[PDB]
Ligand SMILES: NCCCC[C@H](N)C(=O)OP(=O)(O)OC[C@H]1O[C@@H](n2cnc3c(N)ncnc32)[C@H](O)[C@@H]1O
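Coming up is one lone chain in structure tokens, specifically the form solved without adenosine-5'-[lysyl-phosphate].
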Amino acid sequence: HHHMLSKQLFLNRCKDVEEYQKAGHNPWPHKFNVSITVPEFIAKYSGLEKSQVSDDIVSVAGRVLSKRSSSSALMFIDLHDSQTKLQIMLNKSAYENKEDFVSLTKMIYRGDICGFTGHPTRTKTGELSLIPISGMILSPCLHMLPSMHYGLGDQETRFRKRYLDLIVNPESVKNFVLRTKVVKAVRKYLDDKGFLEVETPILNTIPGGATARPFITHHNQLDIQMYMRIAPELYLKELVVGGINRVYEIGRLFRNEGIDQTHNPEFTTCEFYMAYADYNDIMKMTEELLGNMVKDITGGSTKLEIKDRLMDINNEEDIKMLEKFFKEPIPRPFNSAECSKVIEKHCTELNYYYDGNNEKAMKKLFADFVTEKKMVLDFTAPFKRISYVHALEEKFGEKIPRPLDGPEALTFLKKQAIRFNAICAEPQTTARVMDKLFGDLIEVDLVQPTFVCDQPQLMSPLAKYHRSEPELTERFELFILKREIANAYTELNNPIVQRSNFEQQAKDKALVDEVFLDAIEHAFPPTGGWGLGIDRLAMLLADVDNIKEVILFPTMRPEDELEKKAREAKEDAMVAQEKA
């Protein structure tokens, strides 16, 4: 009988609560008057010396995570509030209602939400505490909370129940705080420049010309099929046509696709559009904004981070890797290395063959780095800037044949497709081969914040041509840690050309958004467009490997009961753990 002990505990616990209620104690009182929060408490009363007790009577409340007694008249509780600890020293002599003191000191279970009213102090042991005159159960806990910490990594157990994870892994809260620090920073920056935050439809009657597979739904009264938005771009642009020069939306976007650790079915991005601005303006704006952000997380525009790349030469890095390997090991070519590495890798459910240095580097990245190697991302202005094609050309050795979409230029390009990367794919259209030639080539290293600008019209189907040098467009993509964080355009405002683009896109896909085309046919001002993924930026700044760390409730494949029975089984493996 699996889950026997947990069931037993839950039932007995319910009994506890109803006997507590039977004795004239409300386990769920309506209002408890918290006079001060635990951080405020610490800020105010940390000046108290040892054995000193304040005359102030204050009242606090939080979750009990520890309950230890050195005596029947002296109990020590770790109360937690806003991810901050404060000891409650229950002394019977300093408690008014002695009867209630006994009933309460017995009733308190680990996990309970309690409130206490009494005097601040700092004990002889140095621990800042409160000596309660009174106190009560605000809400009883009916299950055994997992010990702290719990589930690291094991992302499944963590993100199945966020409400537990937040408690047993309070550090995680920081992430989400950071996340909002981001959006505030955005709002403050844009609102102060006269931007109007707006809301555009998530449900659309048109699928659109985008490739990405949308979620499909259906409205009944209208009896029409609707599609969840891929991007708010066109609506916002229609607002700019409407006469609202500066707009932005920090909205939820949806994609009916795959779920990686860098992809969630629904995610948050910000887009803004600004009349009479160009991508240069947006470049400075991006510099400024991100500067403000990382300064708001620190105080300076540089930010310390984890260096996950290991150097088989840096003996410090090697020493760190050995220290984190829960032992110590070394070799030269293989043999011993192979055995120890395969042992640890099999122990951590990792993979696979070779047992070589590559696996060592990977392990060092995904595990060791927290203990060791740091790095610094410099968000100081100005950011490094490069043109798309002259990075490629600088490095090739010389120019690319012009008419870049022509045969001669292509035939040029695969020469270095074979010479440099030794990687491509087919169909080798000019676009693809060029593109990540560029990306297993120059896209790394792009660790520091870097604008890659002036992409070819080959790469830019819906952009506006560059105002000077030919075959290029007025764009940029912001790269940090070898990834695209944000992007901007000197938006295309030619209605004729844009109609061509749209109607071509439609056929390449096989209706075209005629509404938008009408809108820009009514004259669309010169506009700067900007886009940023909030989730991914948050990932970067909180320094986390998984997108589930910055999304409170990521989309989970619901539990089929092999998962259920497994988990429940191991939780009673927990209670049997406590006893024997």
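The first residue of the sequence shown is number 1, and the count goes up from there.
- Unmodelled deposited residues between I313 and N314: none, per the record.
- In this entry, the higher average B-factor at the C-alpha atoms falls on 314-322, of the pair 314-322 and 457-465.
- Look at the C-alpha B-factors of 448-456 and of 190-198. On average they run higher in 448-456.
- Going by the entry's values, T429 shows the largest Cα B-factor out of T473, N280, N204, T429.
- Taking only the listed residues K181, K374, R483, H149, the entry reports the highest CA temperature factor at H149.
- In this PDB entry, the Cα temperature factor of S340 sits in the top third of its chain's modelled residues, the highest group.
- The deposited CA B-factor of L9 belongs to the lowest third of values across its chain.
- In the deposited entry, the Cα temperature factor of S59 places it in the middle third of its chain's modelled residues.
- Sorting the modelled residues of the chain by their CA temperature factor places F479 in the middle third.
- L511 sits in the highest third of its chain by CA B factor, as recorded in the PDB entry.
What follows is about the form solved in complex with adenosine-5'-[lysyl-phosphate], which we do not show.
- You can rule out all but one of 66-74, 511-519, 22-30, 528-536: in the bound PDB entry, only 528-536 has residues with a heavy atom within 4.5 Å of adenosine-5'-[lysyl-phosphate].
- The closest heavy atom approach of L48 to adenosine-5'-[lysyl-phosphate] in the bound PDB entry falls outside 4.5 Å.
- Residue contact check for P214: none of its heavy atoms lie within 4.5 Å of adenosine-5'-[lysyl-phosphate] in the bound PDB entry.
- In the bound PDB entry, no heavy atom of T121 sits within 4.5 Å of adenosine-5'-[lysyl-phosphate].
- In the bound PDB entry, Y489 approaches adenosine-5'-[lysyl-phosphate] with a heavy atom inside 4.5 Å.
- Interface residue among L145, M285, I485, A431 relative to adenosine-5'-[lysyl-phosphate] in the bound PDB entry, by the heavy atom within 4.5 Å criterion: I485.
- Shown without its partner, this chain lists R255, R187, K307, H80 as candidates; in the bound PDB entry, only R255 has a non-hydrogen atom within 4.5 angstroms of adenosine-5'-[lysyl-phosphate].
- With contact defined as any non-hydrogen atom lying within 4.5 angstroms of adenosine-5'-[lysyl-phosphate] in the bound PDB entry, the stretch 377-407 contains no contacting residue.
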